[PDB]
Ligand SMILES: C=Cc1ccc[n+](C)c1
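We begin with a single chain expressed as structure tokens, specifically the form deposited without this ligand.
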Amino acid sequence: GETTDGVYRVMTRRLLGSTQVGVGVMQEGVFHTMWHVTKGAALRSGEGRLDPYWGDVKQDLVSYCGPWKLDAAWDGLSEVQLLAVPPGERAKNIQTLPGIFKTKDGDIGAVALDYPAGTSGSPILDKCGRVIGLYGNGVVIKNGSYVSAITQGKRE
């Protein structure tokens, strides 16, 4: 299959027509997405098969073909870019200054950008183009808008 680094749509033909259920990142031969996009199922890339290798429902993350490779972190000061890949629409960079999710176990950056559910998995990048996490797991706030955590895995 196609193994070139980059951002990819995750599609299904199970529902009406071809439906985009999410997005992910190919880096160093490993495909990275959010658990809720694939539910841990196998994926196809052309005639090739991508099998799950690691996953965790609480982190809402999954890697295919190898271990999680993404380890850049938001610096807590600077603007980042969401590389939004919405269903049926061209990849588009959106720049924003993250907010913060404060938890009993520490703080994480959060982006206040509202896209369709099939955009989940889209990468958030720093100024060097490194992926600091994936968009698509978050909360619905007072006015009904959406705020996503910047979800990042651990590189073993």
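Residue numbers here begin at 1 and follow the sequence given.
Trainee: Of the two stretches 142 to 150 and 129 to 137, which shows the higher Cα B-factor on average in the entry?
Mentor: Going by the record's values, the stretch with the higher mean is 142 to 150.
Trainee: Per the PDB record, is the mean Cα temperature factor higher over 44 to 52 or over 31 to 39?
Mentor: According to the entry, 44 to 52 carries the higher average C-alpha B-factor.
Trainee: Specify which of 87, 66, 106, 121 carries the largest Cα B factor in the deposited PDB entry.
Mentor: Highest CA B-factor of the listed options: 106.
Trainee: Could you place residue 23 in the lowest, middle or highest third of its chain by Cα temperature factor, using the values in the record?
Mentor: Lowest third, going by the recorded CA B-factors of the chain.
Trainee: By its CA B factor, does residue 15 count among the lowest, middle or highest third of the modelled residues in the chain?
Mentor: Answer is highest: the recorded C-alpha B-factor places it there.
Trainee: Should residue 100 be placed in the lowest, middle or highest third of its chain by the C-alpha B factor in the entry?
Mentor: For residue 100, the deposited C-alpha B-factor lands in the highest third.
In what follows, reference is made to the form deposited with this ligand bound, a form of this protein that is not presented.
Trainee: Answer yes if any heavy atom of residue 97 is within 4.5 Å of a heavy atom of this ligand in the deposited bound form; otherwise answer no.
Mentor: Contact check for residue 97: no, nothing within 4.5 Å of this ligand in the deposited bound form.
Trainee: Is residue 29 one of the residues lying within 4.5 Å of this ligand in the deposited bound form, judged by heavy atom distances?
Mentor: No, no contact at 4.5 Å.
Trainee: Quick one: does residue 116 come within 4.5 Å of this ligand in the deposited bound form, counting heavy atoms only?
Mentor: Output for residue 116 is yes: heavy atoms within 4.5 Å of this ligand.
Trainee: Output the sequence-ordered list of residues from 121 to 142 with at least one heavy atom within 4.5 Å of this ligand in the deposited bound form.
Mentor: Residues within 4.5 Å: 135, 136.
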